[PDB]
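Pasting input01.pdb here (PDB, C-alpha atoms):
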ATOM      1  CA  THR A   3      45.623  23.411  -7.440  1.00  0.00           C
ATOM      2  CA  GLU A   4      44.413  24.781  -4.081  1.00  0.00           C
ATOM      3  CA  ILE A   5      41.743  22.058  -4.025  1.00  0.00           C
ATOM      4  CA  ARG A   7      45.975  20.637  -1.472  1.00  0.00           C
ATOM      5  CA  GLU A   8      42.794  21.109   0.596  1.00  0.00           C
ATOM      6  CA  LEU A   9      41.377  17.695  -0.402  1.00  0.00           C
ATOM      7  CA  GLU A  10      44.572  15.950   0.598  1.00  0.00           C
ATOM      8  CA  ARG A  11      44.642  17.647   3.980  1.00  0.00           C
ATOM      9  CA  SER A  12      40.987  16.934   4.550  1.00  0.00           C
ATOM     10  CA  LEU A  13      41.544  13.273   3.620  1.00  0.00           C
ATOM     11  CA  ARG A  14      44.557  13.131   5.938  1.00  0.00           C
ATOM     12  CA  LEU A  15      42.210  14.116   8.769  1.00  0.00           C
ATOM     13  CA  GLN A  16      39.468  11.672   7.929  1.00  0.00           C
ATOM     14  CA  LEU A  17      41.783   8.756   7.611  1.00  0.00           C
ATOM     15  CA  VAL A  18      43.414   9.416  10.986  1.00  0.00           C
ATOM     16  CA  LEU A  19      40.053  10.164  12.645  1.00  0.00           C
ATOM     17  CA  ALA A  20      38.427   7.053  11.081  1.00  0.00           C
ATOM     18  CA  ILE A  21      41.276   5.050  12.571  1.00  0.00           C
ATOM     19  CA  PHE A  22      40.561   6.794  15.902  1.00  0.00           C
ATOM     20  CA  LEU A  23      36.921   5.555  15.567  1.00  0.00           C
ATOM     21  CA  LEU A  24      38.095   2.051  15.000  1.00  0.00           C
ATOM     22  CA  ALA A  25      40.281   2.259  18.108  1.00  0.00           C
ATOM     23  CA  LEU A  26      37.358   3.703  20.109  1.00  0.00           C
ATOM     24  CA  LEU A  27      35.162   0.830  18.851  1.00  0.00           C
ATOM     25  CA  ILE A  28      37.793  -1.672  20.035  1.00  0.00           C
ATOM     26  CA  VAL A  29      37.697   0.025  23.465  1.00  0.00           C
ATOM     27  CA  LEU A  30      33.904  -0.175  23.296  1.00  0.00           C
ATOM     28  CA  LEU A  31      34.124  -3.923  22.670  1.00  0.00           C
ATOM     29  CA  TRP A  32      36.512  -4.276  25.584  1.00  0.00           C
ATOM     30  CA  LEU A  33      33.929  -2.518  27.807  1.00  0.00           C
ATOM     31  CA  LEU A  34      31.108  -4.745  26.495  1.00  0.00           C
ATOM     32  CA  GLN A  35      33.247  -7.815  27.203  1.00  0.00           C
ATOM     33  CA  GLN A  36      33.635  -6.423  30.759  1.00  0.00           C
ATOM     34  CA  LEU A  37      29.789  -6.545  31.013  1.00  0.00           C
ATOM     35  CA  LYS A  38      29.830 -10.192  29.926  1.00  0.00           C
ATOM     36  CA  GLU A  39      32.237 -10.965  32.799  1.00  0.00           C
ATOM     37  CA  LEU A  40      30.300  -9.056  35.459  1.00  0.00           C
ATOM     38  CA  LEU A  41      26.892 -10.387  34.374  1.00  0.00           C
ATOM     39  CA  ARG A  42      28.178 -13.983  34.499  1.00  0.00           C
ATOM     40  CA  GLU A  43      29.474 -13.251  38.033  1.00  0.00           C
ATOM     41  CA  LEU A  44      26.093 -11.669  38.838  1.00  0.00           C
ATOM     42  CA  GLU A  45      24.437 -14.919  37.782  1.00  0.00           C
ATOM     43  CA  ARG A  46      26.814 -16.888  39.984  1.00  0.00           C
ATOM     44  CA  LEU A  47      26.005 -14.751  43.022  1.00  0.00           C
ATOM     45  CA  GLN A  48      22.310 -15.318  42.462  1.00  0.00           C
ATOM     46  CA  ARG A  49      22.950 -19.071  41.932  1.00  0.00           C
ATOM     47  CA  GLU A  50      24.881 -19.212  45.199  1.00  0.00           C
ATOM     48  CA  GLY A  51      22.221 -17.216  47.015  1.00  0.00           C
ATOM     49  CA  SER A  52      24.642 -14.511  48.168  1.00  0.00           C
ATOM     50  CA  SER A  53      23.508 -11.477  50.132  1.00  0.00           C
ATOM     51  CA  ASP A  54      21.693  -8.428  48.866  1.00  0.00           C
ATOM     52  CA  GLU A  55      24.850  -6.448  49.677  1.00  0.00           C
ATOM     53  CA  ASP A  56      27.006  -8.777  47.527  1.00  0.00           C
ATOM     54  CA  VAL A  57      24.635  -8.553  44.569  1.00  0.00           C
ATOM     55  CA  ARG A  58      23.936  -4.837  45.023  1.00  0.00           C
ATOM     56  CA  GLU A  59      27.672  -4.066  45.099  1.00  0.00           C
ATOM     57  CA  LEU A  60      28.236  -5.895  41.827  1.00  0.00           C
ATOM     58  CA  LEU A  61      25.107  -4.419  40.251  1.00  0.00           C
ATOM     59  CA  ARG A  62      26.265  -0.900  41.199  1.00  0.00           C
ATOM     60  CA  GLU A  63      29.575  -1.640  39.391  1.00  0.00           C
ATOM     61  CA  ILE A  64      27.620  -2.842  36.316  1.00  0.00           C
ATOM     62  CA  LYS A  65      25.514   0.329  36.222  1.00  0.00           C
ATOM     63  CA  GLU A  66      28.689   2.484  36.306  1.00  0.00           C
ATOM     64  CA  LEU A  67      30.177   0.457  33.449  1.00  0.00           C
ATOM     65  CA  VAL A  68      27.111   0.935  31.246  1.00  0.00           C
ATOM     66  CA  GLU A  69      27.265   4.702  31.860  1.00  0.00           C
ATOM     67  CA  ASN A  70      30.945   4.660  30.753  1.00  0.00           C
ATOM     68  CA  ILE A  71      29.911   2.670  27.654  1.00  0.00           C
ATOM     69  CA  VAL A  72      27.221   5.193  26.811  1.00  0.00           C
ATOM     70  CA  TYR A  73      29.581   8.161  27.196  1.00  0.00           C
ATOM     71  CA  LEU A  74      32.093   6.461  24.909  1.00  0.00           C
ATOM     72  CA  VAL A  75      29.339   5.840  22.362  1.00  0.00           C
ATOM     73  CA  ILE A  76      28.247   9.472  22.432  1.00  0.00           C
ATOM     74  CA  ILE A  77      31.891  10.535  21.920  1.00  0.00           C
ATOM     75  CA  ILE A  78      32.056   8.167  18.931  1.00  0.00           C
ATOM     76  CA  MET A  79      28.864   9.716  17.487  1.00  0.00           C
ATOM     77  CA  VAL A  80      30.347  13.201  17.776  1.00  0.00           C
ATOM     78  CA  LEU A  81      33.556  12.070  16.086  1.00  0.00           C
ATOM     79  CA  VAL A  82      31.427  10.486  13.321  1.00  0.00           C
ATOM     80  CA  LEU A  83      29.670  13.815  12.831  1.00  0.00           C
ATOM     81  CA  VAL A  84      33.163  15.393  12.464  1.00  0.00           C
ATOM     82  CA  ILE A  85      33.985  12.754   9.836  1.00  0.00           C
ATOM     83  CA  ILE A  86      30.629  13.375   8.096  1.00  0.00           C
ATOM     84  CA  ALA A  87      31.414  17.128   8.079  1.00  0.00           C
ATOM     85  CA  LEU A  88      34.789  16.374   6.453  1.00  0.00           C
ATOM     86  CA  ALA A  89      33.024  14.109   3.872  1.00  0.00           C
ATOM     87  CA  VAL A  90      30.632  16.902   2.977  1.00  0.00           C
ATOM     88  CA  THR A  91      33.553  19.339   2.684  1.00  0.00           C
ATOM     89  CA  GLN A  92      35.303  17.012   0.245  1.00  0.00           C
ATOM     90  CA  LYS A  93      32.149  16.478  -1.796  1.00  0.00           C
ATOM     91  CA  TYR A  94      31.753  20.250  -2.201  1.00  0.00           C
ATOM     92  CA  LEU A  95      35.442  20.618  -3.147  1.00  0.00           C
ATOM     93  CA  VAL A  96      35.035  17.989  -5.857  1.00  0.00           C
ATOM     94  CA  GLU A  97      31.780  19.598  -7.035  1.00  0.00           C
ATOM     95  CA  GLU A  98      33.498  22.997  -7.487  1.00  0.00           C
ATOM     96  CA  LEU A  99      36.453  21.233  -9.090  1.00  0.00           C
ATOM     97  CA  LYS A 100      34.226  19.433 -11.655  1.00  0.00           C
ATOM     98  CA  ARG A 101      32.641  22.818 -12.520  1.00  0.00           C
ATOM     99  CA  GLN A 102      35.829  23.666 -14.468  1.00  0.00           C
ATOM    100  CA  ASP A 103      35.988  23.054 -18.275  1.00  0.00           C
TER     101      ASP A 103
ATOM    102  CA  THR B   3      38.723  13.743 -15.583  1.00  0.00           C
ATOM    103  CA  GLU B   4      38.191  10.056 -14.716  1.00  0.00           C
ATOM    104  CA  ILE B   5      39.376  10.805 -11.169  1.00  0.00           C
ATOM    105  CA  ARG B   7      34.254  11.042 -11.561  1.00  0.00           C
ATOM    106  CA  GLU B   8      35.686   8.244  -9.385  1.00  0.00           C
ATOM    107  CA  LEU B   9      36.286  10.571  -6.405  1.00  0.00           C
ATOM    108  CA  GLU B  10      32.733  11.839  -6.535  1.00  0.00           C
ATOM    109  CA  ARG B  11      31.304   8.335  -6.620  1.00  0.00           C
ATOM    110  CA  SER B  12      33.576   7.209  -3.834  1.00  0.00           C
ATOM    111  CA  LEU B  13      32.544  10.238  -1.752  1.00  0.00           C
ATOM    112  CA  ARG B  14      28.884   9.520  -2.500  1.00  0.00           C
ATOM    113  CA  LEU B  15      29.405   6.106  -0.899  1.00  0.00           C
ATOM    114  CA  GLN B  16      31.233   7.335   2.158  1.00  0.00           C
ATOM    115  CA  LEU B  17      28.735  10.008   2.920  1.00  0.00           C
ATOM    116  CA  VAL B  18      25.791   7.602   2.729  1.00  0.00           C
ATOM    117  CA  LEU B  19      27.676   4.890   4.654  1.00  0.00           C
ATOM    118  CA  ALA B  20      28.848   7.397   7.321  1.00  0.00           C
ATOM    119  CA  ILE B  21      25.205   8.346   7.754  1.00  0.00           C
ATOM    120  CA  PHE B  22      24.424   4.611   8.055  1.00  0.00           C
ATOM    121  CA  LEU B  23      27.029   4.475  10.899  1.00  0.00           C
ATOM    122  CA  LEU B  24      25.369   7.331  12.649  1.00  0.00           C
ATOM    123  CA  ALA B  25      22.009   5.562  12.388  1.00  0.00           C
ATOM    124  CA  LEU B  26      23.578   2.319  13.671  1.00  0.00           C
ATOM    125  CA  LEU B  27      25.090   4.280  16.591  1.00  0.00           C
ATOM    126  CA  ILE B  28      21.635   5.686  17.409  1.00  0.00           C
ATOM    127  CA  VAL B  29      20.306   2.095  17.433  1.00  0.00           C
ATOM    128  CA  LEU B  30      23.256   1.174  19.647  1.00  0.00           C
ATOM    129  CA  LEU B  31      22.286   3.925  22.093  1.00  0.00           C
ATOM    130  CA  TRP B  32      18.708   2.695  22.067  1.00  0.00           C
ATOM    131  CA  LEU B  33      19.988  -0.795  23.005  1.00  0.00           C
ATOM    132  CA  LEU B  34      22.208   0.632  25.774  1.00  0.00           C
ATOM    133  CA  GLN B  35      19.224   2.578  27.119  1.00  0.00           C
ATOM    134  CA  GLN B  36      17.360  -0.778  27.146  1.00  0.00           C
ATOM    135  CA  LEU B  37      20.137  -2.076  29.485  1.00  0.00           C
ATOM    136  CA  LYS B  38      19.595   0.903  31.789  1.00  0.00           C
ATOM    137  CA  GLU B  39      15.895  -0.042  32.051  1.00  0.00           C
ATOM    138  CA  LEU B  40      16.480  -3.750  32.672  1.00  0.00           C
ATOM    139  CA  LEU B  41      19.300  -3.201  35.184  1.00  0.00           C
ATOM    140  CA  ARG B  42      17.136  -0.772  37.190  1.00  0.00           C
ATOM    141  CA  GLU B  43      14.383  -3.442  37.190  1.00  0.00           C
ATOM    142  CA  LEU B  44      17.017  -6.016  38.196  1.00  0.00           C
ATOM    143  CA  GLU B  45      17.884  -3.816  41.167  1.00  0.00           C
ATOM    144  CA  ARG B  46      14.218  -3.563  42.096  1.00  0.00           C
ATOM    145  CA  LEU B  47      13.793  -7.340  42.051  1.00  0.00           C
ATOM    146  CA  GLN B  48      16.773  -7.723  44.344  1.00  0.00           C
ATOM    147  CA  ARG B  49      15.426  -4.911  46.591  1.00  0.00           C
ATOM    148  CA  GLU B  50      12.066  -6.670  46.791  1.00  0.00           C
ATOM    149  CA  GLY B  51      13.706 -10.022  47.449  1.00  0.00           C
ATOM    150  CA  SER B  52      12.030 -11.737  44.491  1.00  0.00           C
ATOM    151  CA  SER B  53      12.733 -15.344  43.572  1.00  0.00           C
ATOM    152  CA  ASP B  54      15.775 -16.761  41.860  1.00  0.00           C
ATOM    153  CA  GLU B  55      13.502 -17.567  38.906  1.00  0.00           C
ATOM    154  CA  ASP B  56      12.333 -13.924  38.659  1.00  0.00           C
ATOM    155  CA  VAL B  57      15.884 -12.580  38.755  1.00  0.00           C
ATOM    156  CA  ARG B  58      17.308 -15.330  36.541  1.00  0.00           C
ATOM    157  CA  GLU B  59      14.629 -14.695  33.898  1.00  0.00           C
ATOM    158  CA  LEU B  60      15.468 -11.001  33.766  1.00  0.00           C
ATOM    159  CA  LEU B  61      19.212 -11.660  33.853  1.00  0.00           C
ATOM    160  CA  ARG B  62      18.871 -14.092  30.922  1.00  0.00           C
ATOM    161  CA  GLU B  63      17.112 -11.289  28.966  1.00  0.00           C
ATOM    162  CA  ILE B  64      19.970  -8.887  29.850  1.00  0.00           C
ATOM    163  CA  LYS B  65      22.616 -11.339  28.633  1.00  0.00           C
ATOM    164  CA  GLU B  66      20.790 -11.700  25.277  1.00  0.00           C
ATOM    165  CA  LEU B  67      20.624  -7.914  24.924  1.00  0.00           C
ATOM    166  CA  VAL B  68      24.364  -7.497  25.492  1.00  0.00           C
ATOM    167  CA  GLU B  69      25.059 -10.134  22.819  1.00  0.00           C
ATOM    168  CA  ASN B  70      22.837  -8.154  20.388  1.00  0.00           C
ATOM    169  CA  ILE B  71      24.758  -4.985  21.335  1.00  0.00           C
ATOM    170  CA  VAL B  72      28.074  -6.674  20.658  1.00  0.00           C
ATOM    171  CA  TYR B  73      26.956  -7.991  17.261  1.00  0.00           C
ATOM    172  CA  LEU B  74      25.783  -4.509  16.296  1.00  0.00           C
ATOM    173  CA  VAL B  75      29.138  -3.089  17.385  1.00  0.00           C
ATOM    174  CA  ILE B  76      31.055  -5.625  15.315  1.00  0.00           C
ATOM    175  CA  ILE B  77      28.866  -4.752  12.295  1.00  0.00           C
ATOM    176  CA  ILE B  78      29.687  -1.072  12.891  1.00  0.00           C
ATOM    177  CA  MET B  79      33.428  -1.893  13.005  1.00  0.00           C
ATOM    178  CA  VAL B  80      33.196  -3.713   9.680  1.00  0.00           C
ATOM    179  CA  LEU B  81      31.328  -0.799   8.115  1.00  0.00           C
ATOM    180  CA  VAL B  82      34.028   1.546   9.493  1.00  0.00           C
ATOM    181  CA  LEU B  83      36.678  -0.598   7.819  1.00  0.00           C
ATOM    182  CA  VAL B  84      34.682  -0.183   4.553  1.00  0.00           C
ATOM    183  CA  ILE B  85      34.712   3.589   5.113  1.00  0.00           C
ATOM    184  CA  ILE B  86      38.460   3.488   5.904  1.00  0.00           C
ATOM    185  CA  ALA B  87      39.019   1.522   2.660  1.00  0.00           C
ATOM    186  CA  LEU B  88      37.102   4.217   0.744  1.00  0.00           C
ATOM    187  CA  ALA B  89      39.211   6.939   2.492  1.00  0.00           C
ATOM    188  CA  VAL B  90      42.411   5.219   1.428  1.00  0.00           C
ATOM    189  CA  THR B  91      41.078   4.894  -2.132  1.00  0.00           C
ATOM    190  CA  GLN B  92      40.384   8.626  -2.257  1.00  0.00           C
ATOM    191  CA  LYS B  93      43.790   9.494  -0.826  1.00  0.00           C
ATOM    192  CA  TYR B  94      45.481   7.444  -3.563  1.00  0.00           C
ATOM    193  CA  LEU B  95      43.287   9.066  -6.246  1.00  0.00           C
ATOM    194  CA  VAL B  96      44.312  12.515  -5.034  1.00  0.00           C
ATOM    195  CA  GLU B  97      47.969  11.443  -4.833  1.00  0.00           C
ATOM    196  CA  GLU B  98      47.946  10.297  -8.493  1.00  0.00           C
ATOM    197  CA  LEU B  99      46.031  13.443  -9.412  1.00  0.00           C
ATOM    198  CA  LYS B 100      48.628  15.736  -7.746  1.00  0.00           C
ATOM    199  CA  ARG B 101      51.371  13.892  -9.693  1.00  0.00           C
ATOM    200  CA  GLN B 102      50.273  15.822 -12.815  1.00  0.00           C
ATOM    201  CA  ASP B 103      52.097  19.071 -13.819  1.00  0.00           C
TER     202      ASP B 103
END
Can you turn what I pasted into structure tokens?
Amino acid sequence: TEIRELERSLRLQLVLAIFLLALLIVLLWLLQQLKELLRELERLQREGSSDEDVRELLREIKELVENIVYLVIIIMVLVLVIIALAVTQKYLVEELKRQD
Amino acid sequence: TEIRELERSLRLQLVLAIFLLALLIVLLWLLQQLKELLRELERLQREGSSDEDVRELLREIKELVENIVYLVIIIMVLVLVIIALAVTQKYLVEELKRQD
């Protein structure tokens, strides 16, 4: 009856899996922000703008990619939390099926 | 005893969660490929290379971001599969706890 524990564990994974999905939607938003800036970067090069104009925009793009990478690493860590909960549940079910 | 089903469902989530983690590692590899190309893009602008040189590289960067986005969408769909398995398991445990 104690293996209550599976429900609680499942309550966590479902909320945390939803948190991943939200983080992935943020990640798409950030990737869509690259599409915008890279199309502007093209336009500056098409226009023949200055090295300062292009460099400024390119510095902004580099920052954005670093933010994207940090978000991705956070997502990977959260996935490892979700994997750890999956393993927990598998073991709980294994010990549960060991009963007559 | 049939709720066998939880173990099988958990077998799927654990393998699929590991597939997410692998996909996220690929996603990092692709984001690291942006860091390389954007640093080269800076160098071309620093050198004062031609519009063709920069445009070529920038076209490659745009393709890469589209590949990154498609991978992310695939990951989101796989997460929704994992969420659907989590919900399945929660319902199985709910019907299981409804016994005396």
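Across A:57, A:50, A:40, A:93, the tightest approach to residue 18 of chain B is made by A:93 when counting all atoms listed in the file.
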Quiz item: Quick one: distance from atom CA of residue 83 of chain B to atom CA of residue 38 of chain B in Å, one decimal?
Solution: 29.5 Å
Quiz item: Using all atoms listed in the file, which residues sit within 12 Å of residue 74 of chain A once same-chain residues fewer than 3 positions away are excluded, as a ChimeraX atom specification?
Solution: /A:23,25-34,67-71,77-81 /B:27,30-31,34
File of the preceding selection, C-alpha atoms, as a CSV table (one decimal), in the frame of the given file:
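Dumped to result-v5.csv:
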chain,number,residue,atom,x,y,z
A,23,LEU,CA,36.9,5.6,15.6
A,25,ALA,CA,40.3,2.3,18.1
A,26,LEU,CA,37.4,3.7,20.1
A,27,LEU,CA,35.2,0.8,18.9
A,28,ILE,CA,37.8,-1.7,20.0
A,29,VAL,CA,37.7,0.0,23.5
A,30,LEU,CA,33.9,-0.2,23.3
A,31,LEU,CA,34.1,-3.9,22.7
A,32,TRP,CA,36.5,-4.3,25.6
A,33,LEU,CA,33.9,-2.5,27.8
A,34,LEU,CA,31.1,-4.7,26.5
A,67,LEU,CA,30.2,0.5,33.4
A,68,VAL,CA,27.1,0.9,31.2
A,69,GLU,CA,27.3,4.7,31.9
A,70,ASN,CA,30.9,4.7,30.8
A,71,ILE,CA,29.9,2.7,27.7
A,77,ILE,CA,31.9,10.5,21.9
A,78,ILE,CA,32.1,8.2,18.9
A,79,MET,CA,28.9,9.7,17.5
A,80,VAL,CA,30.3,13.2,17.8
A,81,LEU,CA,33.6,12.1,16.1
B,27,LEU,CA,25.1,4.3,16.6
B,30,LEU,CA,23.3,1.2,19.6
B,31,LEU,CA,22.3,3.9,22.1
B,34,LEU,CA,22.2,0.6,25.8
Using the chain letters and numbers from the file, give me the residues hit by the PyMOL selection byres ((chain B) within 9 of (chain A)), as a PDB file with C-alpha atoms, in the coordinates of the input.
ATOM      1  CA  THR B   3      38.723  13.743 -15.583  1.00  0.00           C
ATOM      2  CA  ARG B   7      34.254  11.042 -11.561  1.00  0.00           C
ATOM      3  CA  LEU B   9      36.286  10.571  -6.405  1.00  0.00           C
ATOM      4  CA  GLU B  10      32.733  11.839  -6.535  1.00  0.00           C
ATOM      5  CA  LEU B  13      32.544  10.238  -1.752  1.00  0.00           C
ATOM      6  CA  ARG B  14      28.884   9.520  -2.500  1.00  0.00           C
ATOM      7  CA  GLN B  16      31.233   7.335   2.158  1.00  0.00           C
ATOM      8  CA  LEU B  17      28.735  10.008   2.920  1.00  0.00           C
ATOM      9  CA  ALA B  20      28.848   7.397   7.321  1.00  0.00           C
ATOM     10  CA  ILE B  21      25.205   8.346   7.754  1.00  0.00           C
ATOM     11  CA  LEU B  23      27.029   4.475  10.899  1.00  0.00           C
ATOM     12  CA  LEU B  24      25.369   7.331  12.649  1.00  0.00           C
ATOM     13  CA  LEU B  27      25.090   4.280  16.591  1.00  0.00           C
ATOM     14  CA  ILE B  28      21.635   5.686  17.409  1.00  0.00           C
ATOM     15  CA  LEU B  30      23.256   1.174  19.647  1.00  0.00           C
ATOM     16  CA  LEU B  31      22.286   3.925  22.093  1.00  0.00           C
ATOM     17  CA  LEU B  34      22.208   0.632  25.774  1.00  0.00           C
ATOM     18  CA  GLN B  35      19.224   2.578  27.119  1.00  0.00           C
ATOM     19  CA  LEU B  37      20.137  -2.076  29.485  1.00  0.00           C
ATOM     20  CA  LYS B  38      19.595   0.903  31.789  1.00  0.00           C
ATOM     21  CA  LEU B  41      19.300  -3.201  35.184  1.00  0.00           C
ATOM     22  CA  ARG B  42      17.136  -0.772  37.190  1.00  0.00           C
ATOM     23  CA  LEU B  44      17.017  -6.016  38.196  1.00  0.00           C
ATOM     24  CA  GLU B  45      17.884  -3.816  41.167  1.00  0.00           C
ATOM     25  CA  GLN B  48      16.773  -7.723  44.344  1.00  0.00           C
ATOM     26  CA  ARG B  49      15.426  -4.911  46.591  1.00  0.00           C
ATOM     27  CA  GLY B  51      13.706 -10.022  47.449  1.00  0.00           C
ATOM     28  CA  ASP B  54      15.775 -16.761  41.860  1.00  0.00           C
ATOM     29  CA  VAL B  57      15.884 -12.580  38.755  1.00  0.00           C
ATOM     30  CA  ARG B  58      17.308 -15.330  36.541  1.00  0.00           C
ATOM     31  CA  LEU B  61      19.212 -11.660  33.853  1.00  0.00           C
ATOM     32  CA  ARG B  62      18.871 -14.092  30.922  1.00  0.00           C
ATOM     33  CA  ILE B  64      19.970  -8.887  29.850  1.00  0.00           C
ATOM     34  CA  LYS B  65      22.616 -11.339  28.633  1.00  0.00           C
ATOM     35  CA  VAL B  68      24.364  -7.497  25.492  1.00  0.00           C
ATOM     36  CA  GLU B  69      25.059 -10.134  22.819  1.00  0.00           C
ATOM     37  CA  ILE B  71      24.758  -4.985  21.335  1.00  0.00           C
ATOM     38  CA  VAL B  72      28.074  -6.674  20.658  1.00  0.00           C
ATOM     39  CA  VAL B  75      29.138  -3.089  17.385  1.00  0.00           C
ATOM     40  CA  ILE B  76      31.055  -5.625  15.315  1.00  0.00           C
ATOM     41  CA  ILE B  78      29.687  -1.072  12.891  1.00  0.00           C
ATOM     42  CA  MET B  79      33.428  -1.893  13.005  1.00  0.00           C
ATOM     43  CA  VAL B  82      34.028   1.546   9.493  1.00  0.00           C
ATOM     44  CA  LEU B  83      36.678  -0.598   7.819  1.00  0.00           C
ATOM     45  CA  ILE B  85      34.712   3.589   5.113  1.00  0.00           C
ATOM     46  CA  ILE B  86      38.460   3.488   5.904  1.00  0.00           C
ATOM     47  CA  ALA B  89      39.211   6.939   2.492  1.00  0.00           C
ATOM     48  CA  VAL B  90      42.411   5.219   1.428  1.00  0.00           C
ATOM     49  CA  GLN B  92      40.384   8.626  -2.257  1.00  0.00           C
ATOM     50  CA  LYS B  93      43.790   9.494  -0.826  1.00  0.00           C
ATOM     51  CA  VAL B  96      44.312  12.515  -5.034  1.00  0.00           C
ATOM     52  CA  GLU B  97      47.969  11.443  -4.833  1.00  0.00           C
ATOM     53  CA  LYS B 100      48.628  15.736  -7.746  1.00  0.00           C
TER      54      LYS B 100
END
Centre, edges in Å (one decimal): axis-aligned box, segment 55-71 of chain B, 4 Å padding on all six sides, as AutoDock Vina command-line options:
--center_x 18.7 --center_y -11.3 --center_z 29.6 --size_x 20.7 --size_y 20.6 --size_z 26.5
Self-check item: One-decimal distance in Å that lies between atom CA of residue 56 of chain A and atom CA of residue 39 of chain B
Solution: 21.0 Å
Filled-in N, CA and C atoms of segment 81-92 of chain A, supplied as a CSV table (one decimal), keeping the file's coordinate frame:
chain,number,residue,atom,x,y,z
A,81,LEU,N,32.5,12.3,17.0
A,81,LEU,CA,33.6,12.1,16.1
A,81,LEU,C,33.1,11.7,14.7
A,82,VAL,N,32.0,10.8,14.6
A,82,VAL,CA,31.4,10.5,13.3
A,82,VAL,C,30.8,11.7,12.7
A,83,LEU,N,30.2,12.6,13.4
A,83,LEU,CA,29.7,13.8,12.8
A,83,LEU,C,30.8,14.7,12.3
A,84,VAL,N,32.0,14.7,13.0
A,84,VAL,CA,33.2,15.4,12.5
A,84,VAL,C,33.6,14.8,11.1
A,85,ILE,N,33.7,13.5,11.1
A,85,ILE,CA,34.0,12.8,9.8
A,85,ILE,C,33.0,13.0,8.7
A,86,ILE,N,31.7,13.0,9.1
A,86,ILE,CA,30.6,13.4,8.1
A,86,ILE,C,30.8,14.8,7.6
A,87,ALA,N,31.1,15.7,8.5
A,87,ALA,CA,31.4,17.1,8.1
A,87,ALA,C,32.6,17.2,7.1
A,88,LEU,N,33.7,16.4,7.4
A,88,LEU,CA,34.8,16.4,6.5
A,88,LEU,C,34.4,15.7,5.1
A,89,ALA,N,33.5,14.7,5.1
A,89,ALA,CA,33.0,14.1,3.9
A,89,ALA,C,32.2,15.1,3.0
A,90,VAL,N,31.4,15.9,3.7
A,90,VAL,CA,30.6,16.9,3.0
A,90,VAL,C,31.5,18.0,2.4
A,91,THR,N,32.5,18.4,3.2
A,91,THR,CA,33.6,19.3,2.7
A,91,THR,C,34.2,18.9,1.4
A,92,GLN,N,34.6,17.6,1.4
A,92,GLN,CA,35.3,17.0,0.2
A,92,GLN,C,34.4,16.9,-1.0
